[PDB]
Amino acid sequence: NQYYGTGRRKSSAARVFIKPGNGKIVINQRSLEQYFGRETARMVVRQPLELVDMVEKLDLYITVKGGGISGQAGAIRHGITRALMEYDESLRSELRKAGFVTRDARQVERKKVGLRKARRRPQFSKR
Amino acid sequence: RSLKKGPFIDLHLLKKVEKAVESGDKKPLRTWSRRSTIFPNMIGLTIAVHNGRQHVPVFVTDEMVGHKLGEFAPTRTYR
Amino acid sequence: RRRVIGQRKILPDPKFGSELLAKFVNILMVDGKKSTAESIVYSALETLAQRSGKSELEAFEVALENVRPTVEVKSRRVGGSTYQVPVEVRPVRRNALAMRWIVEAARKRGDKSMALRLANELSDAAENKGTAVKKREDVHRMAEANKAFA
Amino acid sequence: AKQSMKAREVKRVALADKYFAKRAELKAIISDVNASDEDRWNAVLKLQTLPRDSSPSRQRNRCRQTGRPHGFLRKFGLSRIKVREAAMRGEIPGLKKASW
Amino acid sequence: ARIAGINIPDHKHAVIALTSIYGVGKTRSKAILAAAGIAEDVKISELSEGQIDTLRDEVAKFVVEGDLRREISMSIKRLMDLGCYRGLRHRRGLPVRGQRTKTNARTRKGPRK
Amino acid sequence: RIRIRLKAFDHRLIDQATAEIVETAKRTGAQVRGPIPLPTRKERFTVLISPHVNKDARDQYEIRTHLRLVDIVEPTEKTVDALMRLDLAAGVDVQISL
RNA sequence: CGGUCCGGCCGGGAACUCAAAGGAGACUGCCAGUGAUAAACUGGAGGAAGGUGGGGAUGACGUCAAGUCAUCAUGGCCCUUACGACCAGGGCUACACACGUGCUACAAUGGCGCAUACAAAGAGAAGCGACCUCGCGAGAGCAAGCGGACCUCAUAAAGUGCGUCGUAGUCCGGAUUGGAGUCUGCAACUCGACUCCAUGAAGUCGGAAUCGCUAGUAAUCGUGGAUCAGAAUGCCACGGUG
RNA sequence: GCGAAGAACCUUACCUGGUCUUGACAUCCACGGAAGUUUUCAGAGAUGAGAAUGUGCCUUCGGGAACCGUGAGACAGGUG
């Protein structure tokens with residue numbers, strides 16, 4: 001038995017895998033506290049994961065590639081909810097109320113003239 | 001230093017410098033160029049270089065050799 | 001005419017159940033460097049208790065509920081004329097402004113570490129003795145003028 | 001652009017092939033003077049100043065079609081504004097407007 | 001004392017004790033501290049024999065102090081008596097470092113009213 | 001030491017040239033390693049449309065073409081002997097170096 | 001799925017990613033209420049997401065006494081022992097004087113030297129130049145790999161560790177003035193680019209005159225390349241944090 | 001930080017001091033020479049003179065093509 005989910009966020013992509021066993025969390029061949037640096041709140045990977053009881057009976061395995069290290073945490077949250085929506089056929093409805101099934105449509109900008117990347121339209125003249 | 005290989009003068013000027021001393025007490029030789037480097041092989045005398053309008057007299061110094069004649073001759077007017 | 005898109009939601013703090021206590025990591029932030037902005041958050045409350053701080057698990061509430069503004073300035077138009085009035089502060093901003101005055105008191109003023117300066121201002125807020133900053137004196141110096149309207 | 005630029009440039013490329021192009025690896029010993037080897041190359045180095053018109057290049061290469069020394073793309077050999085004019089006429093294969 | 005020749009400083013900092021004298025600057029001090037294998041902090045009190053006088057050929061390798069200090073008295077006529085661009089640009093507010101003269105001369109050209 | 005290039009203008013033409021080249025490879029000897037594609041690329045060139053200066057007004061043209069490198073795992077020129085006698089459509093270019 | 005002291009290291013494979021190609025999905029369509037039971041608007045449902053779904057392509061008569069004959073053609077037009085243009089040198093980085101735009105320091109969330117972490121997009125066989133070295137260092141050696149997802153430039157910085165020093169006009173700051181190296185060339189006086197060691201008045205986030213910004217926005221820190229013997233802090237391109 | 005995706009030589013304007021005048025570039029016609037290579041003397045240098053050496057290509061045995069220095073009548077030329 002395996003539960004599985006995938007997520008894309010800010011030019012990163014994640015794969016999340018859940019099995020029965022003794023409780024642990026593994027990410028990119030290390031433990032969770034040894035990734036993401038010192039963190040501000042460390043909560044977006046935990047947000048949906050409390051709903052099936054935190055580190056009680058599930059064996060959690062993660063692999064994530066690309067983007068900034070903040071974007072990798074966002075890709076993992078969607079990978080967790082894509083796996084949880086097949087752990088019980090009613091769980092998707094409570095994750096919807098919390099907003100953990102939603103995805104952004106805010107990808108990287110093109111040109112479009114005159115812009116430095118996405119803003120700063122020319123020089124605003126002189127006095 | 002400008003330059004590490006070593007500066008040179010062209011044969012038509014070398015032919016004049018090797019016949020400039022002599023006594024070194026004559027009227028300044030018109031060497032024209034402001035690019036010439038006063039490097040230690042050069043002999044101590046007074047010479048004349050072009051400012052764009054006329055020629056200006058300058059001396060080949062012994063207290064310093066790390067210079068070109070454009071550092072001593074003024075070539076621009078009114079500034 | 002106040003036309004803007006709907007206000008920006010945020011989630012309550014995962015340890016303290018409040019959207020205002022989640023705000024401290026944005027205070028004394030520069031260069032977008034939130035990493036170092038959190039490095040004085042909750043880590044100065046013991047330095048504060050080892051001065052004059054009391055109730056160390058809630059000694060941060062002094063900048064939220066023990067020092068509170070209520071008067072704002074200046075002008076109201078009435079037809080062709082302008083007159084001075086004391087105005088009311090919006091209730092959420094009114095609880096979240098005394099925690100924001102601290103920038104001059106920590107970067108333009110203050111001795112040794114930014115953490116000691118944070119503890120220095122939270123000591124004074126427990127007795128409301130906080131030395132006034134330009135972002136408060138730009139209101140408080142003028143708030144007692146024209147007590148008769150038009 | 002002048003019509004003299006069509007001959008003058010390639011005469012100055014033939015000058016480079018006569019005096020510098022097949023001597024470019026040897027520049028690390030003939031123009032080296034002292035850093036390596038020995039004092040034996042100063043009479044050989046007189047070749048580096050035998051011509052007197054163009055030294056390391058003395059010119060810039062031009063677009064054949066327009067005669068211009070800048071504003072041209074070496075992936076076409078052509079001036080970048082003329083690449084859009086020929087693309088609007090449909091004359092450059094595989095090249096078309098974005099959309100978009 | 002005497003850590004790099006005949007030096008007269010005593011109980012100054014480990015890195016900055018021979019500064020502003022043509023003596024030994026910060027990077028050269030940091031280099032000799034690591035070569036002698038000695039503490040790079042606070043004011044010196046603990047110093048042994050065989051540590052640093054045996055390494056003088058790093059810190060005082062050719063020229064120091066009086067070899068370069070106060071050396072203008074015989075290098076001034078080539079600037080103030082010989083006609084030269086740098087001499088006029090010692091007696092007038094005109095720069096030499098390739099910077100502008102049309103813009104922000106202030107004050108560097110003197111007052112102004 | 002043996003280098004191969006295949007270039008086309010269309011995603012069907014790059015495969016229908018790969019198909020004949022990999023059939024030539026299989027016919028020359030079984031190997032089961034799989035031919036190298038490597039990523040197809042495109043390029044785009046921005047131009048200013050005003051006859052003098054003004055960079056606040058643009059136009060954009062793009063050119064799309066397909067490239068494959070194949071790779072032979074054997075050091076022996078008998079592996080490419082019939083590949084160097086192969087005829088293809090005009091819409092494709094092949095370049096082989098030994 | 002297998003070899004396996006337990007790393008794509010290797011048989012060998014095709015899920016994610018990347019690079020390519022096709023087809024689905026969102027239509028006010030469904031429900032209510034409002035509206036003129038029309039067009040349309042707002043909630044609710046489902047959904048990755050709704051409400052010209054978002055962003056791109058882009059524009060009429062006239063206007064601004066617009067802007068360009070040097071991107072192209074061309075009227076009239078100036079010049080002919082010459083305004084043709086070949087040659088050596090100078091100049092386009094002048095400054096009696098006015099005003100924008102970019103940036104650093106004042107530290108303390110820091111400076112500097114070491115330790116450690118993540119790219120994206122490009123470009124390079126008389127080149128890019130590894131590892132390992134020489135050196136205070138730019139850079140050059142001993143010299144490999146590589147015709148570019150394969151080798152190389154290359155190291156993402158902010159961050160997080162470790163040492164030192166700390167409201168001191170300061171170990172910083174820099175005006176003012178010099179030396180000794182490294183790179184390209186025939187040759188850098190004049191109008192080129194790095195590095196190391198010194199010189200040492202002022203410097204407390206600021207005069208007149210004043211800007212951009214409503215959210216991945218203000219802000220802040222990264223990386224390539226064109227032009228090319230040969231310079232980027234400008235310009236086009238490509239990302240973290242907020 | 002605008003054309004300029006880049007001026008120590010160039011480019012190139014503008015300016016100085018030299019030099020040439022059917023032209024650096026193109027063409028219609030002859031004269032003496034293949035195009036060239038090697039190299040010295042004077043002059044800042046372009047050039048102006050020296051010391052030597054070629055004859056190939058194409059082709060009706062004639063004569064051409066090409067190109068260097070010369071010169072008229074036509075006519076070029078200009079980042080004006």
# chains A, B, ... in the order shown; residues from 1 in each chain; ligands from 1
$ interface_residues --of "chain G" --to "chain A" --cutoff "9 Å" --atoms "only C-alpha atoms (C1' of nucleotides)" --output "list in words"
residues 16, 17, 48, 49, 54, 55, 56, 100, 117, 118, 119, 159, 160, 212, 239 and 240 of chain G
$ interface_residues --of "chain D" --to "chain H" --cutoff "8 Å" --atoms "only C-alpha atoms (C1' of nucleotides)" --output "ChimeraX atom specification"
/D:2-4,54-55,58-59,70-71
$ atom_distance --atom1 "atom CA of residue C:22" --atom2 "atom CA of residue C:10"
8.8 Å
$ closest_residue --among "G:185, G:11, G:169, G:59" --to "chain D" --atoms "only C-alpha atoms (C1' of nucleotides)"
G:185
$ interface_residues --of "chain D" --to "chain G" --cutoff "9 Å" --atoms "only C-alpha atoms (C1' of nucleotides)" --output "PDB file with N, CA and C atoms, in the first residue's frame"
ATOM      1  N   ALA D  24      50.700  33.795 -35.034  1.00  0.00           N
ATOM      2  CA  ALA D  24      49.894  34.096 -33.852  1.00  0.00           C
ATOM      3  C   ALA D  24      50.220  33.192 -32.641  1.00  0.00           C
ATOM      4  N   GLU D  25      50.543  31.915 -32.855  1.00  0.00           N
ATOM      5  CA  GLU D  25      51.025  31.006 -31.799  1.00  0.00           C
ATOM      6  C   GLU D  25      52.461  31.380 -31.394  1.00  0.00           C
ATOM      7  N   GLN D  48      57.073  42.072 -36.757  1.00  0.00           N
ATOM      8  CA  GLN D  48      55.860  42.582 -36.113  1.00  0.00           C
ATOM      9  C   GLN D  48      55.636  44.094 -36.382  1.00  0.00           C
ATOM     10  N   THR D  49      56.679  44.806 -36.830  1.00  0.00           N
ATOM     11  CA  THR D  49      56.648  46.214 -37.258  1.00  0.00           C
ATOM     12  C   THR D  49      57.220  46.433 -38.666  1.00  0.00           C
ATOM     13  N   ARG D  52      53.448  49.071 -42.146  1.00  0.00           N
ATOM     14  CA  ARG D  52      53.001  50.231 -41.366  1.00  0.00           C
ATOM     15  C   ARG D  52      51.713  50.843 -41.926  1.00  0.00           C
ATOM     16  N   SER D  55      48.019  47.365 -37.537  1.00  0.00           N
ATOM     17  CA  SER D  55      48.615  46.471 -36.537  1.00  0.00           C
ATOM     18  C   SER D  55      47.664  45.333 -36.087  1.00  0.00           C
ATOM     19  N   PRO D  56      47.062  45.253 -34.872  1.00  0.00           N
ATOM     20  CA  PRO D  56      46.308  44.056 -34.477  1.00  0.00           C
ATOM     21  C   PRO D  56      45.006  43.846 -35.292  1.00  0.00           C
ATOM     22  N   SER D  57      44.426  44.909 -35.867  1.00  0.00           N
ATOM     23  CA  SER D  57      43.390  44.810 -36.923  1.00  0.00           C
ATOM     24  C   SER D  57      43.189  46.107 -37.725  1.00  0.00           C
ATOM     25  N   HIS D  70      28.374  47.975 -37.842  1.00  0.00           N
ATOM     26  CA  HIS D  70      27.617  47.601 -36.646  1.00  0.00           C
ATOM     27  C   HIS D  70      26.107  47.536 -36.924  1.00  0.00           C
ATOM     28  N   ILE D  81      17.691  45.380 -38.774  1.00  0.00           N
ATOM     29  CA  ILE D  81      16.449  45.987 -39.301  1.00  0.00           C
ATOM     30  C   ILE D  81      16.029  45.376 -40.647  1.00  0.00           C
ATOM     31  N   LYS D  82      17.005  45.020 -41.490  1.00  0.00           N
ATOM     32  CA  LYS D  82      16.778  44.382 -42.797  1.00  0.00           C
ATOM     33  C   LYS D  82      16.359  42.922 -42.646  1.00  0.00           C
ATOM     34  N   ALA D  98       6.282  36.298 -33.761  1.00  0.00           N
ATOM     35  CA  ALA D  98       5.936  35.514 -32.579  1.00  0.00           C
ATOM     36  C   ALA D  98       4.413  35.210 -32.461  1.00  0.00           C
ATOM     37  N   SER D  99       3.595  36.053 -31.811  1.00  0.00           N
ATOM     38  CA  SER D  99       2.112  36.050 -31.931  1.00  0.00           C
ATOM     39  C   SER D  99       1.376  37.217 -31.242  1.00  0.00           C
ATOM     40  N   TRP D 100       1.487  37.578 -29.959  1.00  0.00           N
ATOM     41  CA  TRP D 100       2.381  37.217 -28.844  1.00  0.00           C
ATOM     42  C   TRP D 100       3.725  37.953 -28.861  1.00  0.00           C
TER      43      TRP D 100
END
$ residues_around --residues "residue G:152" --least-positions-apart "3" --cutoff "8 Å" --atoms "only C-alpha atoms (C1' of nucleotides)" --output "ChimeraX atom specification"
/G:124,128-130,146
$ interface_residues --of "chain B" --to "chain D" --cutoff "10 Å" --atoms "only C-alpha atoms" --output "compact mmCIF listing (two decimals) with N, CA, C and O atoms, in the first residue's frame"
# COMPACT_ATOMS: atom_id res chain seq x y z
N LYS B 4 56.13 47.11 -20.35
CA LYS B 4 57.19 46.35 -19.65
C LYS B 4 58.35 45.94 -20.58
O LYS B 4 59.49 45.89 -20.13
N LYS B 5 58.08 45.68 -21.87
CA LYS B 5 59.09 45.25 -22.86
C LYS B 5 60.29 46.21 -23.01
O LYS B 5 61.41 45.75 -23.22
N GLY B 6 60.06 47.52 -22.87
CA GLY B 6 61.06 48.58 -22.97
C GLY B 6 60.78 49.54 -24.14
O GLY B 6 60.59 49.08 -25.26
